Structure formats: structure tokens, C-alpha cells
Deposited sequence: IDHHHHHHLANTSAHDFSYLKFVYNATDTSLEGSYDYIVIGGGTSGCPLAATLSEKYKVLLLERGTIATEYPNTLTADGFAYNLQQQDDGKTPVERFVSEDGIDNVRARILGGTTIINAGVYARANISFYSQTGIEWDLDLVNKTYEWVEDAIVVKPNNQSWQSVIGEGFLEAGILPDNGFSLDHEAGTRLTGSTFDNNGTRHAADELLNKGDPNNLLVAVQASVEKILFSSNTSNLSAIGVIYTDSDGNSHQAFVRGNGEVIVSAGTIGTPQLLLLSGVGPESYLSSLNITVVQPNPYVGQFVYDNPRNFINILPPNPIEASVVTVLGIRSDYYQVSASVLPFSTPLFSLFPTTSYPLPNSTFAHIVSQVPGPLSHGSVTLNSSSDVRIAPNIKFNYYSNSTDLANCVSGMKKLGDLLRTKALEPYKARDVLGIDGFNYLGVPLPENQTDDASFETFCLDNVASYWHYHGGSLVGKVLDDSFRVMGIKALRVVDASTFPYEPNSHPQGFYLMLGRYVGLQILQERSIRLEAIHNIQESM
């Protein structure tokens, strides 16, 4: 952990090569175009720029425009803020009826998230069947961590929860570790010890400023193809609504890094997707693939909220309780009168009047899946439909049962006993905001009725379905996808670490292949 970042201001040096998409001089040929300046997109573009001319296209603006994105304290503000179409948080509702958000900003979801940093479960690599260069994976983790990851300071609530998890039998004590392993640990954070947010945008600082150009408020509308099927370029619109073209040249490539929602949307809009679905919308099929926008996953979040009789200190999540069937954390939260959109699954949820502990469990996988479909066959700014089918798979429900029973165990610990309003023997001694924990039937109803998004959604452009083991779109030359659309299961409890790593790792695979 010699390599970890220090406390330091958010580094915006890269703004020297960030331009408004209104600049027509950006139009032309590049070696690489990366669509979406997010978690995977930024480190991929920075890596490619070491040797090649790169255009990164991001639909959102720069984080300096929304200062509440740059601190731990600002986290709530971004979810409370109304979505006017320009804000870094884009609000949506799944067809399941569950409120949710995605990022719309340079840096992607790393600019709005809860900061928790972990490496992938070391078993993930062989699970995929991809021939990963495991030494390069680990060096690439250190390259991310060196830039943006700290060892968090002590926070009283995280220490309480950590003692609780251990007392509740989530063993062993792993101390401070970045690794996803069974047991309780302090993990890394992309919030520094001063509360400054560090994010994927800062990895642009590792790019070559002579080779990397970033266009912001660049809404990529279509992938352009040859007339040997190859991606050749993009159409993108600017904030005034004027259109622009950029192309790749020679052995160059287009990479889509537009996220679980944005990637399948743009593939479908560009005629890459299920023949009968695109034909039904009169979208000309460039490449039939029955799986674009299929196998879209949202790991369930289930939770209780306790209202201690004495104030607790607010904390960022740093302490994790990991089993193979559930991943658990808790945030301590200040009261608010404006709700944090998607913290609770609907807008009709009680407001807290005092500090509360949000105590949560995450279902692994999950095994339930749904799909992304177009709402508009022409306009990328119109959000696609998304459905996750929470708990349609009974293994997911069985796992939520186990998780909720373990949160029961946690509330019974000596660790949590001081946070009860009444010194009675049972967990009815706590005061709850919303529904308290309840044989399995009542745990099942609790799981089904009170599910929220963990925000760790993934899928829609899966390796083995749409992509090969090199992240290439099967049947198309010069087109890759690198982002959370690529895997049907989580790499770990907190996937930003994996997707930051993946952007640079695939960039290095691209540079090697080209040698």
C-alpha cells in the first residue's frame, strides 16, 4: 500500500485539452474514438493517447460546473438536485418501478458515486474463462490506486459497524485490504482523508496532452460503418443541437464506453442488435445480434434505517462485511427535508428528522435479468427503457433472506446495542425509519416489498454474447465495448475499481495487438 494516493486537490490539469463539442475543428480522423468519458472510458482514452491520436466524446459537461461532485459532503446534494437535462445525475425509473440514477458528466459515475474502492474477487478472472494477463491486471490496479485511492481515516460509525459484522460472525478480520474476500475489512476510498473526491477524469492527467482531445457536451447519436463490415466513425451533436462527424483511420478503432444503459442504446440506434426488434422499428440492421440490450442486471439493495437516540457522526462507507451470498455495509447519514433520489425506491418514503444509519445488504450476481430497449428510434438524448426483473429468480430471493437474517444478527450485537432507543432484549428496541425486519416467508415479503437499486447495474453487451474475449463486437472490425455493459455478474461488492482497471487494461491490450 506504499503506492496509494495522498490527500490532494482534485486535479483538473487535463482541462487544457478539453473542448466544447461546438468546435468543428475537432471533426476529422483519429486513431481511436472513445464514446463516454466515464469509469472505463477515461483510463482507456488516456492509455491509448500514450501512442495514438484519441478523441474522447462525453455527453455531460465538466465537474467544475457542479462543485457538489468534488467532496464527500456533496454526495447527497447531487441526488437531491432536480434533473434539468444538464446535471451530473440523470434520474430514471426502471419498468420494475424502482428509482435509479446514472452519471452525465466527464468522469462518469466515479464523479457521483459513494467512493468505495475494491479490487475484483481474485476468482473472477478464471470464472470468466478470458485469458487475463494477471500480472498486468495487478500493475494496472496499482496505476489507478497510485492516482486516486487512499487508505481511509478512522470513522466512528464505520468502526462500530466493523465490530458488529465481526461479532455477527462475518469472519475473519481482514484489517485494511483492497481485496474482495470473505470477512470484514476497511477498504480503499476515492474520497481522500480531506473529503476531496478523486475520480476517473483525473486519469486523463496520465494521457499524452499532444495526443488526447476531449469533447464535452458531445452527444454521440450513431456509430458510422463501412459500405468487410468495419466501424469508421461517429455522429455527435453539441449543446446547440448542431451535428458533427469524427472518424478513425488505418488500424484504428471505435470503443463504446457509454455504460450499461448508454452502450446498448447506441448499438441499437446504430443497427447492431436483434434483427426482428430493429426491423420492427424500421431501423436498418448493420449487424444482427440477438443479445444487444439483453442480460441487463441490477444487484438488489435491501436495507433498514435505525434512528439512534443520540446523534451519530456521518461517514463515507469504508467497512465491508463480505460473504459469498451477501455483501453488507452501512452509511451514517445527516437528516434532510429534500430526498436523495433513488436512495429509497420511490419518492413516497418518510424523511428523516435525525441522524440515521442506513444498514444494507447486496445480493450477488444477480441471477434475475432484464433488458434495455429504445424509447426513441432516433434521439440518443431520450433515455431508453430498462427493466431488471428484481427477484424473478428464486436464488436471488433465497440470498436476500440470508442477508436480511444476517442484518438481524448485526442489530443484536453488543456493538450496535448502544444505538437502541429502549434497553429491551430485542431489535424492537431500535427506532426505524421505514420498514423494520420482520420462518422464511416474512423475510421473502420484506425482500420483495422493500428492494432498492444498489446502483451497481451491469450487462447488455456481454462478453460471450455481443463481444469476444478481447471486447470486440463480434462480426464488426474496429469496434469494441469497454464498461459495465460487458459482464453478467459483479467482479466484487463495489465494481468501480474493476472498471477503472479494465479501461487501461483493454487500452494496453489494444496497443500490444497493434504491435
Ranges of the deposited sequence (numbered from 1) for which no C-alpha atom is modelled: 1-5, 233-235, 447-450, 528-540
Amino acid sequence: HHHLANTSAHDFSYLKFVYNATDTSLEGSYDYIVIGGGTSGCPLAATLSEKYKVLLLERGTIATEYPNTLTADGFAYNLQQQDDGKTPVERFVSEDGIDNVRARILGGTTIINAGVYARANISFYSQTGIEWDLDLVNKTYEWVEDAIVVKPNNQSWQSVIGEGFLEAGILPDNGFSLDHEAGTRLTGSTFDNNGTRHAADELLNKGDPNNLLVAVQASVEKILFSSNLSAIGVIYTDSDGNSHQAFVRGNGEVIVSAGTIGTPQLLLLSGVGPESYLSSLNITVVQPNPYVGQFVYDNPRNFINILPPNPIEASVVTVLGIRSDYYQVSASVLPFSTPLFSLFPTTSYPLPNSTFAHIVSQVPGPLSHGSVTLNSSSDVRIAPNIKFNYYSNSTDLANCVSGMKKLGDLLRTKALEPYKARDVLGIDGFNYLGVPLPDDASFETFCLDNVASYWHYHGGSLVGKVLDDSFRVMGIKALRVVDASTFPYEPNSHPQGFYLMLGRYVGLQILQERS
From here on, numbers count along this sequence of modelled residues.
Flanks modelled, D439 absent in at least a third of other entries: yes
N174 dropped in a third or more of the other entries: no
Comparing 307-315 with 235-243, the one whose average Cα B-factor in the PDB entry is higher: 307-315
Selected stretch [higher average CA B-factor]: 155-163 or 258-266: 155-163
Candidate residues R301, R104, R197, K139, the one whose C-alpha B factor the record puts highest: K139
Out of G293, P339, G108, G115, residue topping the C-alpha B-factor column of the entry: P339
Third assignment of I62 from its chain's C-alpha B-factors: middle
Lowest, middle or highest third - CA B-factor, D468: middle
CA B-factor ranking of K53, expressed as a third of its chain: middle
Where the record places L15 (Cα B-factor, split into thirds across the chain): middle
Chain thirds of CA B-factor: placement of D179: middle
